[PDB]
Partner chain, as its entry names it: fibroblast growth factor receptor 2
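Form deposited without its partner chain, single chain, as structure tokens, below.
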């Protein structure tokens, strides 16, 4: 089943627009916030927009963007945090410890500006319903 990824930080939902853009919206009713989480290997996943077929991927500069094709930049390490929040780490830049995160305003928080402990890197997976 598809999910909604909520960021405790601004109380935003992870969104990927068809223009490749990735930000956060508070509108639980937006079509571009439903994603399908795919397990590639163990602890690894693919995050995909059910609407556009876009994959969430992270550039070399730590910027989030939507990808038309599944690739290296699209895998993330899924971590279940003790508080029952999830964290996602770019697999390509794991050694850098670059996370998926959103500012409080809902803007994408760049991978190297993120860090463990931040509220911007804690997501909660919700039912679309």
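Numbering follows the first chain given and starts at 1. Superpose the two forms; the largest set of C-alphas matching within 1.5 Å is the rigid core.
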Original post:
Following superposition on the rigid core, is the mean squared CA displacement, expressed as RMS, greater for 50 to 58 or for 76 to 84 in 5 other deposited structures of this protein?
Top reply: 76 to 84
**OP:** Identify the stretch, either 61 to 69 or 32 to 40, whose C-alpha atoms have the larger mean B-factor according to the entry.
**Re:** 61 to 69
**OP:** Could you check which stretch, 99 to 107 or 23 to 31, carries the larger mean CA temperature factor in the entry?
**Re:** 99 to 107
**OP:** Going by the CA temperature factor in the entry, name the top one among 80, 45, 56, 89.
**Re:** 80
Subject >> Residue selected from 117, 11, 18, 112 by maximal Cα B factor >> reply: 18
**OP:** Determine, from the deposited record, the chain-internal third of the Cα B-factor for residue 50: lowest, middle or highest.
**Re:** highest
Original post:
In terms of the CA temperature factor given in the entry, to which third of its chain does residue 2 belong: lowest, middle or highest?
Top reply: middle
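There is another form of the same protein, the form solved in complex with its partner chain; it is not shown, and what comes next is about it.
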Original post:
According to a 4.5 angstroms non-hydrogen atom cut-off, is residue 78 in contact with its partner chain in the bound PDB entry?
Top reply: yes
Original post:
Does residue 65 reach its partner chain in the bound PDB entry, with heavy atoms at most 4.5 Å apart?
Top reply: no
**OP:** Give a yes or no for residue 60: in the bound PDB entry, does one of its heavy atoms lie within 4.5 Å of a heavy atom belonging to its partner chain?
**Re:** no
Original post:
Using 4.5 Å between non-hydrogen atoms, is residue 86 touching its partner chain in the bound PDB entry?
Top reply: yes
**OP:** Between 35 to 59 and its partner chain in the bound PDB entry, list the residues on our side with a heavy atom within 4.5 Å.
**Re:** 42
